[PDB]
6 protein chains.
Amino acid sequence: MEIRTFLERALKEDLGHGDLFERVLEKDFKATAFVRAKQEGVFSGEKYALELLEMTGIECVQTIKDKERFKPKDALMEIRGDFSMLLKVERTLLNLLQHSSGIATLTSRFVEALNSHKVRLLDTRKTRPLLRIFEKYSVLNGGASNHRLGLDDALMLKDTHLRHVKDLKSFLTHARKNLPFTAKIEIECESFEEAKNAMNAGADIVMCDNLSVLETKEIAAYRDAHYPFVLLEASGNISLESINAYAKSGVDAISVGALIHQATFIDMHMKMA
Amino acid sequence: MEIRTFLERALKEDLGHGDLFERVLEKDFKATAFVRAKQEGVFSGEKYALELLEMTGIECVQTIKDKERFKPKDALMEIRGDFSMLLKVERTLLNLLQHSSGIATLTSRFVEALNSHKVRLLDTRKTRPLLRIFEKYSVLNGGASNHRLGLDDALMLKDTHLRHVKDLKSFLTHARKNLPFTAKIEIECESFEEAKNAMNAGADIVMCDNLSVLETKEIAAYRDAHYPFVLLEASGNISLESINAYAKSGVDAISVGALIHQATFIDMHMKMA
Amino acid sequence: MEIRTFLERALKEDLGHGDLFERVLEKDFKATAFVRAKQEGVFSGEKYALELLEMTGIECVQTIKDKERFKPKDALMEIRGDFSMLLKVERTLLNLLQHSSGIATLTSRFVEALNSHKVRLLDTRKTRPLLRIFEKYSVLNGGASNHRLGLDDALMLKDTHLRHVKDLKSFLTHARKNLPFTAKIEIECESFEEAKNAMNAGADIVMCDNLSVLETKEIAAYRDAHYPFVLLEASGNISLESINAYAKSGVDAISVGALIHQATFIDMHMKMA
Amino acid sequence: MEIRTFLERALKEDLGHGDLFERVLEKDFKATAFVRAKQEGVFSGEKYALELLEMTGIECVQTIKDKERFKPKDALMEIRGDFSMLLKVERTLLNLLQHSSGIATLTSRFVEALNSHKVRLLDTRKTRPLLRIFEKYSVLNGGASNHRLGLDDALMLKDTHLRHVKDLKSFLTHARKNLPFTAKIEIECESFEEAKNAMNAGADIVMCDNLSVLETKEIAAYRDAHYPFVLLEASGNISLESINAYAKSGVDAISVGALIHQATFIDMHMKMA
Amino acid sequence: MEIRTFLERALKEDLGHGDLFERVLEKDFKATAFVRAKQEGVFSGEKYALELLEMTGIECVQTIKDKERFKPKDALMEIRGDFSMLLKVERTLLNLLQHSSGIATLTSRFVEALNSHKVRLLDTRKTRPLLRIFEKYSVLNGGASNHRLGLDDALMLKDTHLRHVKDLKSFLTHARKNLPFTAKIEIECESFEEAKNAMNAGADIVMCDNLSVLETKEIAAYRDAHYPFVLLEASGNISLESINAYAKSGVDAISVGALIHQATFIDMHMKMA
Amino acid sequence: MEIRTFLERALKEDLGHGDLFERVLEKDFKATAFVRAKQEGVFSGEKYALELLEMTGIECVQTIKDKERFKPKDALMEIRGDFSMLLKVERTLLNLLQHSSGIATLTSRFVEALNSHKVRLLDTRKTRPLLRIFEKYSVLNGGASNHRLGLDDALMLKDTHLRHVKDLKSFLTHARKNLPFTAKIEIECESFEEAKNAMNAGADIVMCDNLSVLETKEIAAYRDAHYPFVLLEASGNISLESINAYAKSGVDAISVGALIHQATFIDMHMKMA
Ligand SMILES: O=C(O)c1cccnc1C(=O)O
Ligand SMILES: O=C(O)c1cccnc1C(=O)O
Ligand SMILES: O=C(O)c1cccnc1C(=O)O
Ligand SMILES: O=C(O)c1cccnc1C(=O)O
Ligand SMILES: O=C(O)c1cccnc1C(=O)O
Ligand SMILES: O=C(O)c1cccnc1C(=O)O
């Protein structure tokens, strides 16, 4: 299964040489446990939790679904299996749920503020090591959309790249044959001129990086009139305070890496009996 | 070495099928880049960064050391290697430095509030999946200390476990032979009676869970008089506000999972030329 | 190295428990070997071969480059290292070069018959197990272009997918929110009505699957008329005798799986001398 | 499963970050699919395909067996499972069956032209990277026999090895002590004098490399005369037009690498219906 | 689970390219086999055996438990599965049971000689490569106890380390903050003075290395009077002959690496029908 | 490198979460260490030790070679590198050397007793899990020879197999085509009749299992007269006391699994300065 190895590694780091408790547990037995919320938020991590339980021979009796909202004291999951295994898995289970839900929850807050159905919210490649796929998945559960998953997914030319590109148009024109047939090319721009030049060069997507709303609206209006098929993306420390403003700029999407890199754990715990 | 595989996997999830840019880069060449801070903070991730650079054939010309304070616009590292590789590693390098430094920085703030050289600040087993070792290492660079690293490091018995133990003293006495000779046993207690009882039962360490400063002080005073070599730990939603007051209870340590699960990325970026 | 693992596994399956010759070679010594052609074709596998020698401690004294033409008796590579190691890697080296060159060479012939700079030759996801990246790379060295690398690279919908779909336009308009921001959506069509239907649905790419030049040209002219930004791809048993004809249907690309699944080894061998 | 890892890796290289279709499929459901032929040939890959479906949770309702002949339009397999999973494994399934069957089919033709039960058809160590075991297995399903599986399986010495050797008889008499007790030693010979030399040296097998039938027959008659227990193998560009002739030289086996390195995919496809 | 990978690798080294017998087995079929002892001893390896059987699809009908005594001709296990698999697993199954039981048996003999329920018998970090966890587990089944499991479990300072420590007390005092909160520190001492000094410096455990019984007694008596909670361990070529005398010195434990490094295979075999 | 992964895993199990000492080492520095013998024996493990040192960045200044004899107090290796790394590697280095040398030494004792240059000493497939290749290598350094390395190396039909083989001759005759061309077939026999039947059936090798010397001589004499090309092997709890007797039986080789499964650690240690 696609994420099985991920769960194996998550567990392995916690068990190390082997759980010490099972060495002294006088008698193992079947038991039921509940994952309860101690804070409100939106649920994420279901796909991983279920794969983890199945892998460890733990039964998932009941569980709320990804994207579902919850309140403190709410029971999020009911699991049953060997007492020794419920304990060996406890932390790994909670940590992945609290982290995933943390991202989904923070993300849902940005979805509300953005308040739009025409403009999608996006993440970035700023993700914690080994957690890209995990965290991208978590953003989906917050109600937003994902940007590319890696460096093979699409071509994104930013400031650093552009400095070594004499004549963008020529570059983009002859880059197509060396890129996979289905690849889009995005160009990071920091001024109306740059974006305009990007569009004329043959950019599939143009990012309006660190630009005022006015500056962005100008570029969006220009795009609508001359390059109707170029997607526009706004980004650059966009906050909960300014996200709505940019939603009205005319851009197609808005990316904020904070959805992932400023997310924190939603409080939860596991209780027996 | 110990963390090479970690870096390989971190990089692998970003490269996927293969970096697209290197497919169109007309000509590769050696270049120098600098990792610059965009916020104030304490550096962390040095050990991982250097291994990452060495693995990819990138030279580390200069770098500040783990634990060093830095300010915005400060050059954290200077590296040199193939342009294509610098770009292929950039995000992986920045993500691990921003995450690790975020933890160290938040941690350094609790250390400040703690304001004590006798009491130790500790993390918890609440870490992000696959990042146990990474994050525990980050807490150290913040100036705090680590709690156990896993379920194999020490035995920690709490409510969940205790509910199934008839005679705690008997259990601990006969548990030593089935545990590695060097392991310590910690008992989580929610009352003075419980703490006192755990000490008599033979606990090496007692956790004063969710107790007031006064409550904790009473336990510490009892420990000092009757079980001088038993270690005391305070925990349970300790904040930057209450942390100092707890440092005066007489407890030996104070654990706060938030050091890791409430930490966020410190802002940085990489610049060429 | 992104392909380092690939090479370890290739070498491992041939050495098994361990090479038997090294068990009897009384004295090892530094030696030189040459990789010569016994056929003519285009070279491919340079990237993998160099990493292979690097890994095994063999020195690459000289080597022609990928894409370079060669003919019988040509010395393609000169290598030097321990005699035992040269024999242990011999077969692994030749097999990947002969297989890679085989694909590039067969690909270059289709490149000719195509004879065009306005039309791109594309491969397919029809590749040998565990050799995708290896074979897509081999095609490039043949002068052609690669199609997507996998199922994560882009969304390719065919009747199978749309079978249980009734409003293509709405279906795609919603897929966008759930697909990564940079992903293109291609639709396979076996009739004019389908292509025309796709373009109106909002497809980024339309495949003219198993259709006549007249049928293709019909779709092209239509595309040229109303949807100029919709790439068109022709495929379906395109042969080395009909590729040129389709290149004149006004299609942007022509994909042929045969480039990979019909390629065969190019005769080569290694001599000590 | 001995080949379980092989299948995980084959599937992994196609899914990459994750299949994009499952991201948009609003509702998954159980479905059935058929693997049909578009050509005729001998089936191969049964073993790998079953393990593949097992791994992915797809049910194999019906399937022809390895070695079984088939013709265009024949339904080779009937499978059932989640719609999303059938699409995710489709290509991986077909590629291995088409590639495996391709080798078995080409192998069966050489089996005919050979037309003999006293002579064995053998493959070579010339196989595609990472596919040795897979391709040797494929040859068997073609009706032929496998040669050694690797360099650990047996000792095969050629001029390259003996170049710096002056007493074959003593050299081999000593190799025995250093080789595993059960290993056979084969020697490649390009002249009568060499074969005659090998047999006297104590070789278990002699290869008649790139020699005429008359030359081969000379060595055979000699073998039949003094060394009846020395297997003889003929090889060296043996073609589908000269294989039968060599089979009459009194040789025990004829190896032809082309069985694998010249085989190509057999046209097949998958339909839902 | 925790040891599945271990069993996979154990099996993989025996199967290599693939079991030859299954290539000629005319027809496979279900069969029952018994693992029988050919010597007297204490059973060990149950946990590994069961995981091994489950992994390979073999049913465990019956089995004695770890720690149980057995005699020659005793049936240790009864299993059922495919004939081919039983043969493919036989050696792997027997090797791990004979090795593990050999350790448990030798261990049970030192336990007998020790003749005490207050003193613990311990192993060491002297284990065979890749078998640390396997062998530590085997010692337990012999009735003894385990020492630390690795270099991460506890801190052990001996001659090599001490030679570079100016002030031992200072070092230990300031080392606590840099070690996991739960770790114990053991000091290896070669004299009464050293032991006494280590106790004053703050050692959690003191090893009485290569000291006479009288010497060890003096240290134990000192510990009892001044450092009651410091743990004492005796070691250094302790034999079956001297072990009992040491158990009377007052020390808490006695470690002997020989339990593992001088253990040998207990004789067993597998029978069909 | 073929055994690199083996060493990585050996180290990994000892380091676990990470060496605790390096956490408190005030200052690292370069240092020299010596591996000294504390008991006489024959050296084995060189190949692994060197690969281990190179992997950990430790320099091997001096080292005796595999097969070389040593006496107590003798310095076997002189290594230099970071103090922290010499300590992290110490146990892994010693354990592999003491175990390998232990096997080589025990083996050399059997070589002497056998006292022959015409009869080779052999091992079996009775090896500790994960150590087959390691232990087979160790036997070579004792002065003996190896039997097959696994189940793919050769075909060995024993009692269990034979029970399901009606008509051996027919079986062996038609098994050749389904086995790799170079494979030998050995048959385990427990009586003159069985061996005779084995020879007539077409056995490449015949094992004289659990037979008296007389019984074996009879079979050897029969072999010399009728099947001069069949190799003979004696086995069945052959000891140091009876090995010489069997050497005079006329058999080609003698196998004793004890060379490996009854071997124990040769005492050694590491000293600084
Ligand atoms: O590279 C990306 O995918 C990306 C996309 C949008 C915004 N930022 C980034 C970034 O990480 O720099
Ligand atoms: O288990 C631990 O290591 C731990 C130690 C201190 C505080 N909390 C925990 C926890 O994760 O529950
Ligand atoms: O899915 C693909 O990548 C693909 C692209 C072009 C032609 N065929 C295919 C196919 O294998 O169905
Ligand atoms: O080495 C082999 O296995 C082999 C066996 C038969 C024919 N050729 C070869 C070869 O690749 O050189
Ligand atoms: O390091 C250990 O764990 C250890 C513990 C007790 C006795 N010896 C050792 C040793 O291997 O040196
Ligand atoms: O199987 C073997 O290789 C083998 C060879 C000789 C003696 N015993 C065995 C055995 O392990 O049963």
# chains A, B, ... in the order shown; residues from 1 in each chain; ligands from 1
$ residues_around --residues "region 170-176 of chain A" --least-positions-apart "2" --cutoff "8 Å" --atoms "only C-alpha atoms" --output "list in words"
residues 165, 166, 167, 168, 178, 179, 180, 181, 201, 202 and 203 of chain A; 24 of chain B
$ write_last_selection --atoms "C-alpha atoms" --output "PDB file, in the first residue's frame"
ATOM      1  CA  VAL A 165      17.944  32.599 -18.639  1.00  0.00           C
ATOM      2  CA  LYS A 166      18.754  35.043 -21.445  1.00  0.00           C
ATOM      3  CA  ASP A 167      15.588  35.438 -23.512  1.00  0.00           C
ATOM      4  CA  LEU A 168      12.780  33.646 -21.671  1.00  0.00           C
ATOM      5  CA  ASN A 178      12.881  18.297 -23.255  1.00  0.00           C
ATOM      6  CA  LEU A 179      10.115  18.335 -20.662  1.00  0.00           C
ATOM      7  CA  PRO A 180       7.441  15.694 -20.313  1.00  0.00           C
ATOM      8  CA  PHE A 181       4.696  16.403 -22.882  1.00  0.00           C
ATOM      9  CA  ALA A 201       7.228  34.378 -23.311  1.00  0.00           C
ATOM     10  CA  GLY A 202       4.740  31.508 -23.205  1.00  0.00           C
ATOM     11  CA  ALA A 203       4.243  30.886 -19.499  1.00  0.00           C
TER      12      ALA A 203
ATOM     13  CA  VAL B  24      16.288  22.012 -19.659  1.00  0.00           C
TER      14      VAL B  24
END
$ residues_around --residues "residue 228 (chain E)" --least-positions-apart "4" --cutoff "12 Å" --atoms "only C-alpha atoms" --output "PyMOL selection string"
(chain B and resi 227-229) or (chain E and resi 199+204-205+219-224+232+250-252)
$ write_last_selection --atoms "N, CA and C atoms" --output "PDB file, in the first residue's frame"
ATOM      1  N   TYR B 227      12.797  10.315  49.967  1.00  0.00           N
ATOM      2  CA  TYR B 227      13.336   9.616  48.798  1.00  0.00           C
ATOM      3  C   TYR B 227      14.198  10.568  47.989  1.00  0.00           C
ATOM      4  N   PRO B 228      15.302  11.022  48.587  1.00  0.00           N
ATOM      5  CA  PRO B 228      16.250  11.955  47.975  1.00  0.00           C
ATOM      6  C   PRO B 228      16.744  11.640  46.573  1.00  0.00           C
ATOM      7  N   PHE B 229      16.849  10.359  46.236  1.00  0.00           N
ATOM      8  CA  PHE B 229      17.349   9.971  44.920  1.00  0.00           C
ATOM      9  C   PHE B 229      16.290   9.690  43.868  1.00  0.00           C
TER      10      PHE B 229
ATOM     11  N   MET E 199      30.824   6.179  43.254  1.00  0.00           N
ATOM     12  CA  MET E 199      29.588   6.382  44.001  1.00  0.00           C
ATOM     13  C   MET E 199      29.467   7.829  44.449  1.00  0.00           C
ATOM     14  N   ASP E 204      24.972   5.801  38.902  1.00  0.00           N
ATOM     15  CA  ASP E 204      23.720   5.107  39.221  1.00  0.00           C
ATOM     16  C   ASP E 204      24.030   3.638  39.423  1.00  0.00           C
ATOM     17  N   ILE E 205      25.076   3.191  38.736  1.00  0.00           N
ATOM     18  CA  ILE E 205      25.485   1.803  38.772  1.00  0.00           C
ATOM     19  C   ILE E 205      26.997   1.710  38.746  1.00  0.00           C
ATOM     20  N   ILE E 219      33.068  -3.751  48.594  1.00  0.00           N
ATOM     21  CA  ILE E 219      32.383  -2.713  47.838  1.00  0.00           C
ATOM     22  C   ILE E 219      30.880  -2.772  48.102  1.00  0.00           C
ATOM     23  N   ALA E 220      30.320  -3.977  48.085  1.00  0.00           N
ATOM     24  CA  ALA E 220      28.892  -4.153  48.327  1.00  0.00           C
ATOM     25  C   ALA E 220      28.525  -3.664  49.720  1.00  0.00           C
ATOM     26  N   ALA E 221      29.370  -3.984  50.697  1.00  0.00           N
ATOM     27  CA  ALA E 221      29.129  -3.563  52.072  1.00  0.00           C
ATOM     28  C   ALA E 221      29.173  -2.042  52.161  1.00  0.00           C
ATOM     29  N   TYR E 222      30.106  -1.428  51.445  1.00  0.00           N
ATOM     30  CA  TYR E 222      30.221   0.028  51.443  1.00  0.00           C
ATOM     31  C   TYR E 222      28.952   0.612  50.825  1.00  0.00           C
ATOM     32  N   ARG E 223      28.516   0.021  49.714  1.00  0.00           N
ATOM     33  CA  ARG E 223      27.313   0.479  49.027  1.00  0.00           C
ATOM     34  C   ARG E 223      26.126   0.434  49.980  1.00  0.00           C
ATOM     35  N   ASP E 224      25.941  -0.706  50.639  1.00  0.00           N
ATOM     36  CA  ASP E 224      24.835  -0.876  51.581  1.00  0.00           C
ATOM     37  C   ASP E 224      24.806   0.218  52.654  1.00  0.00           C
ATOM     38  N   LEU E 232      24.807  -2.534  41.977  1.00  0.00           N
ATOM     39  CA  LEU E 232      26.123  -3.137  41.818  1.00  0.00           C
ATOM     40  C   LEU E 232      26.113  -4.334  40.883  1.00  0.00           C
ATOM     41  N   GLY E 250      26.912  -9.880  47.611  1.00  0.00           N
ATOM     42  CA  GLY E 250      26.009  -8.787  47.938  1.00  0.00           C
ATOM     43  C   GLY E 250      25.720  -7.908  46.728  1.00  0.00           C
ATOM     44  N   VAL E 251      26.364  -8.222  45.611  1.00  0.00           N
ATOM     45  CA  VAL E 251      26.179  -7.480  44.370  1.00  0.00           C
ATOM     46  C   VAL E 251      24.748  -7.733  43.873  1.00  0.00           C
ATOM     47  N   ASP E 252      24.181  -6.800  43.108  1.00  0.00           N
ATOM     48  CA  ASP E 252      22.811  -6.967  42.607  1.00  0.00           C
ATOM     49  C   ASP E 252      22.729  -7.805  41.341  1.00  0.00           C
TER      50      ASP E 252
END
$ select_by_dssp --residues "region 197-244 of chain D" --states "helix (DSSP H, G or I)" --output "ChimeraX atom specification"
/D:197-201,213-226,243-244
$ select_by_dssp --residues "region 82-134 of chain B" --states "strand (DSSP E or B)" --output "MDAnalysis selection string"
chainID B and resid 82 120:122
$ residues_around --residues "region 26-29 of chain C" --least-positions-apart "4" --cutoff "9 Å" --atoms "only C-alpha atoms" --output "list in words"
residues 22, 81, 82, 83 and 84 of chain C
$ write_last_selection --atoms "N, CA, C and O atoms" --output "mmCIF file, in the first residue's frame"
data_model
loop_
_atom_site.group_PDB
_atom_site.id
_atom_site.type_symbol
_atom_site.label_atom_id
_atom_site.label_comp_id
_atom_site.auth_asym_id
_atom_site.auth_seq_id
_atom_site.Cartn_x
_atom_site.Cartn_y
_atom_site.Cartn_z
ATOM 1 N N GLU C 22 36.364 -14.425 -8.200
ATOM 2 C CA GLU C 22 37.235 -13.801 -7.207
ATOM 3 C C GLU C 22 37.718 -14.789 -6.156
ATOM 4 O O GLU C 22 38.745 -14.572 -5.517
ATOM 5 N N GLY C 81 40.505 -0.460 -13.714
ATOM 6 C CA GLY C 81 40.298 -0.769 -12.310
ATOM 7 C C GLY C 81 40.751 -2.177 -11.984
ATOM 8 O O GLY C 81 41.431 -2.819 -12.788
ATOM 9 N N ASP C 82 40.391 -2.667 -10.804
ATOM 10 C CA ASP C 82 40.775 -4.018 -10.425
ATOM 11 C C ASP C 82 40.175 -5.021 -11.398
ATOM 12 O O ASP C 82 39.002 -4.931 -11.759
ATOM 13 N N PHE C 83 41.001 -5.972 -11.816
ATOM 14 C CA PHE C 83 40.616 -7.019 -12.753
ATOM 15 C C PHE C 83 39.347 -7.746 -12.297
ATOM 16 O O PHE C 83 38.417 -7.950 -13.079
ATOM 17 N N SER C 84 39.309 -8.128 -11.025
ATOM 18 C CA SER C 84 38.149 -8.828 -10.484
ATOM 19 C C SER C 84 36.884 -7.987 -10.620
ATOM 20 O O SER C 84 35.826 -8.500 -10.980
#
$ closest_atom_pairs --of "chain D" --to "ligand 4" --cutoff "9 Å" --atoms "only C-alpha atoms and all ligand atoms" --output "JSON lines"
{"residue": "D:122", "atom": "CA", "partner": "ligand 4", "partner_atom_place_in_ligand_line": "6 (C)", "distance": 7.3}
{"residue": "D:123", "atom": "CA", "partner": "ligand 4", "partner_atom_place_in_ligand_line": "6 (C)", "distance": 6.4}
{"residue": "D:124", "atom": "CA", "partner": "ligand 4", "partner_atom_place_in_ligand_line": "5 (C)", "distance": 4.3}
{"residue": "D:125", "atom": "CA", "partner": "ligand 4", "partner_atom_place_in_ligand_line": "11 (O)", "distance": 4.2}
{"residue": "D:126", "atom": "CA", "partner": "ligand 4", "partner_atom_place_in_ligand_line": "11 (O)", "distance": 5.1}
{"residue": "D:127", "atom": "CA", "partner": "ligand 4", "partner_atom_place_in_ligand_line": "11 (O)", "distance": 8.6}
{"residue": "D:147", "atom": "CA", "partner": "ligand 4", "partner_atom_place_in_ligand_line": "5 (C)", "distance": 6.0}
{"residue": "D:148", "atom": "CA", "partner": "ligand 4", "partner_atom_place_in_ligand_line": "3 (O)", "distance": 5.4}
{"residue": "D:149", "atom": "CA", "partner": "ligand 4", "partner_atom_place_in_ligand_line": "3 (O)", "distance": 6.9}
{"residue": "D:150", "atom": "CA", "partner": "ligand 4", "partner_atom_place_in_ligand_line": "3 (O)", "distance": 6.4}
{"residue": "D:151", "atom": "CA", "partner": "ligand 4", "partner_atom_place_in_ligand_line": "3 (O)", "distance": 7.3}
{"residue": "D:153", "atom": "CA", "partner": "ligand 4", "partner_atom_place_in_ligand_line": "3 (O)", "distance": 8.9}
{"residue": "D:154", "atom": "CA", "partner": "ligand 4", "partner_atom_place_in_ligand_line": "3 (O)", "distance": 8.4}
{"residue": "D:155", "atom": "CA", "partner": "ligand 4", "partner_atom_place_in_ligand_line": "1 (O)", "distance": 8.6}
{"residue": "D:156", "atom": "CA", "partner": "ligand 4", "partner_atom_place_in_ligand_line": "1 (O)", "distance": 6.2}
{"residue": "D:157", "atom": "CA", "partner": "ligand 4", "partner_atom_place_in_ligand_line": "1 (O)", "distance": 8.7}
{"residue": "D:158", "atom": "CA", "partner": "ligand 4", "partner_atom_place_in_ligand_line": "12 (O)", "distance": 8.8}
{"residue": "D:188", "atom": "CA", "partner": "ligand 4", "partner_atom_place_in_ligand_line": "12 (O)", "distance": 8.9}
{"residue": "D:207", "atom": "CA", "partner": "ligand 4", "partner_atom_place_in_ligand_line": "6 (C)", "distance": 8.2}
{"residue": "D:209", "atom": "CA", "partner": "ligand 4", "partner_atom_place_in_ligand_line": "7 (C)", "distance": 8.8}
{"residue": "D:233", "atom": "CA", "partner": "ligand 4", "partner_atom_place_in_ligand_line": "6 (C)", "distance": 8.4}
{"residue": "D:234", "atom": "CA", "partner": "ligand 4", "partner_atom_place_in_ligand_line": "7 (C)", "distance": 8.8}
{"residue": "D:235", "atom": "CA", "partner": "ligand 4", "partner_atom_place_in_ligand_line": "7 (C)", "distance": 6.6}
{"residue": "D:236", "atom": "CA", "partner": "ligand 4", "partner_atom_place_in_ligand_line": "7 (C)", "distance": 8.1}
{"residue": "D:254", "atom": "CA", "partner": "ligand 4", "partner_atom_place_in_ligand_line": "6 (C)", "distance": 8.7}
{"residue": "D:255", "atom": "CA", "partner": "ligand 4", "partner_atom_place_in_ligand_line": "6 (C)", "distance": 5.6}
{"residue": "D:256", "atom": "CA", "partner": "ligand 4", "partner_atom_place_in_ligand_line": "7 (C)", "distance": 6.8}
{"residue": "D:257", "atom": "CA", "partner": "ligand 4", "partner_atom_place_in_ligand_line": "7 (C)", "distance": 6.7}
$ interface_residues --of "chain F" --to "chain A" --cutoff "9 Å" --atoms "only C-alpha atoms" --output "NGL selection string"
:F and (13 or 16-17)
$ write_last_selection --atoms "C-alpha atoms" --output "mmCIF file, in the first residue's frame"
data_model
loop_
_atom_site.group_PDB
_atom_site.id
_atom_site.type_symbol
_atom_site.label_atom_id
_atom_site.label_comp_id
_atom_site.auth_asym_id
_atom_site.auth_seq_id
_atom_site.Cartn_x
_atom_site.Cartn_y
_atom_site.Cartn_z
ATOM 1 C CA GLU F 13 21.373 -2.304 15.926
ATOM 2 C CA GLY F 16 19.732 2.526 18.041
ATOM 3 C CA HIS F 17 18.413 6.064 18.593
#
$ residues_around --residues "residue 261 (chain F)" --least-positions-apart "3" --cutoff "6 Å" --atoms "only C-alpha atoms" --output "VMD selection string"
(chain E and resid 264 to 265) or (chain F and resid 258)
$ atom_distance --atom1 "CA of residue 54 (chain B)" --atom2 "CA of residue 47 (chain F)"
26.1 Å
$ atom_distance --atom1 "CA of residue 101 (chain B)" --atom2 "CA of residue 15 (chain A)"
26.2 Å
$ residues_around --residues "residue 9 (chain A)" --least-positions-apart "6" --cutoff "12 Å" --atoms "only C-alpha atoms" --output "list in words"
residues 3, 15, 16, 52, 92, 130 and 131 of chain A; 5, 6, 9, 128, 129, 130, 131 and 132 of chain B; 1 and 2 of chain E
